[PDB]
């Protein structure tokens, strides 16, 4: 009697939290006794790359950015125009043995910008600018590869280290500047915070610190303020909501200090429309690892907010004469859709409302649509936005999970569409895309083990091998996130039995630990 189900949907909330979120993008217990350390390999490497870039080359990036990446870089930098000047002086002082701090800070800010560019640059327009030729060698990878492969992704990664290595030249610890928060924000537009979850969390904490160090609570240019300062405050506010955004996104056990929590939910300007929407995403996902349920009255309150923000989003036109307006419209629409999907998934899980699953299937498709429509406009670099990756993960997983329990040919098809789409997302998503693919493959194998094996009522609860395996995938990731052993090493250095056979079998064939990166 599939009467258990309700307690099983409620369970997904934690599986989502632990596996699809924490475990796949924010986990990384490394053995320090085995990790090489030094301030030498990063100095030479981030010195070579800086050489690989030519004056004109870098300037086309500036143009790719100005003519494309507006919706990302604005929030934290505003009209690049002002920055070209800096990209210019960058080279001027590029020829000096004598270098300052305001100098480097300006350097790093533009090198984080370059990072973002390489990241989004359509592989084709990138090749017409650089050539893997003088790159395969240095690195040491046969010319067996090219731009089409991660070799482009071996720049959104290294350029990123050139931004960090350069900040490490300002000794930013000792000289807080908004430019550190600005550089980080730009690096945030990429997969950097997922590649280096531990570092990114420390750099964000530094950014929270640097931000509060200005002690500005009210960003509105108040009466009789010098226009220069009225502007800096306004700017600071844009930077602020951008900062709350990646803060909420990087939430987890390895990120204990918060900033976004100092900002109230709506349940209590285009730029700020961004946080408005993320505010609602926070309002919902906050229940994933929670024990309590979102009162139904709440979901409706958020539903109503969505409505207004949905409307408000379409109300902001889009002229295809600028990729800027097109990419902004995409992020807008993707964001609301995502929150919407999350919204009805919630209804379906906590209250099993009417039209819930129908709605989930709807926004699930709206999502696949938005991504799928970007190949059809040769603005596919739009899909490289870290938001896509995140959304597809939660959507596919839940659908893939719902599929193994609640049969439906509608969902079975949707799952096919998503399964396809998954292994189609741009490749700049590296290691993770594969990890998600593996994760999908896995939850499907867990379907078979549910159709094969027989569930049985003990009278108090139901028992199945796919039930433990699910429970385990959480305990195993939840343990990979307990730093207590790490504490023990840095200190005094001291140091239903049939399923039990079925589980361990699967567990050895498909260990969740394979998702960790």
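Residue numbers count along the first chain shown, from 1.
Missing deposited residues between residue 495 and residue 496: 10 or more, all without coordinates in the entry. According to the PDB entry, the deposited sequence contains 10 or more residues between residue 268 and residue 269 that lack coordinates. Stretch comparison (93-101 versus 438-446) by mean CA B-factor in the PDB entry places 93-101 on top. The PDB entry records a higher mean C-alpha B factor for 45-53 than for its counterpart among 472-480 and 45-53. In this structure the maximum Cα B-factor among 229, 217, 283, 247 is found at 217. When the Cα B-factors of 254, 260, 144, 359 are read from the PDB record, 144 comes out highest. Per the deposited record, the Cα B-factor of residue 60 falls in the middle third when ranked against the other modelled residues of its chain. Compared with the other modelled residues of the chain, the Cα B-factor recorded for residue 196 ranks in the middle third. When the modelled residues of the chain are ordered by their C-alpha B factor, residue 151 lands in the highest third. Ranked within its chain, residue 298 lands in the middle third, by CA B factor from the PDB record. Sorting the modelled residues of the chain by their CA temperature factor places residue 289 in the middle third.
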